[PDB]
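Residue numbers for the sequence shown follow the entry's author numbering, so the first one is 1 and each next one is one higher.
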Amino acid sequence: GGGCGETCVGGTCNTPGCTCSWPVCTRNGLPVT
Numbered sequence: 001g002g003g004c005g006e007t008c009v010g011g012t013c014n015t016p017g018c019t020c021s022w023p024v025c026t027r028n029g030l031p032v033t
């Protein structure tokens, strides 16, 4: 996807491929689905 459009406002992301760049998740250089 376009990185990780999920947020980690609570503290962490749900997808382990995503990293928390609080409050937004990102994807740590991994293949982008």
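Just so you know, even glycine gets a beta-carbon here, dropped at the ideal spot from N, CA and C.
Item to check | Under 7 Å between C-beta atoms of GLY10 and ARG27 | outcome: Taking 7 Å as the cut-off, the Cβ atoms of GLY10 and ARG27 do not count as close.
Checklist entry - Comparing the C-beta of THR33 with each C-beta of chain D, is any distance below 7 Å? => result As a matter of chain content, chain D is missing from the structure shown, which is built from one protein chain.
Next on the checklist: Just to confirm, is the Cβ distance from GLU6 to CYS20 under 7 Å?
Outcome noted: no
Item to check | beta strand (DSSP E) segment containing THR19, residue limits | outcome: Where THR19 is concerned, the enclosing beta strand (DSSP E) stretches over 18-21.
Checklist entry - According to DSSP, which residues form a beta bridge with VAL24? => result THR7, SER21
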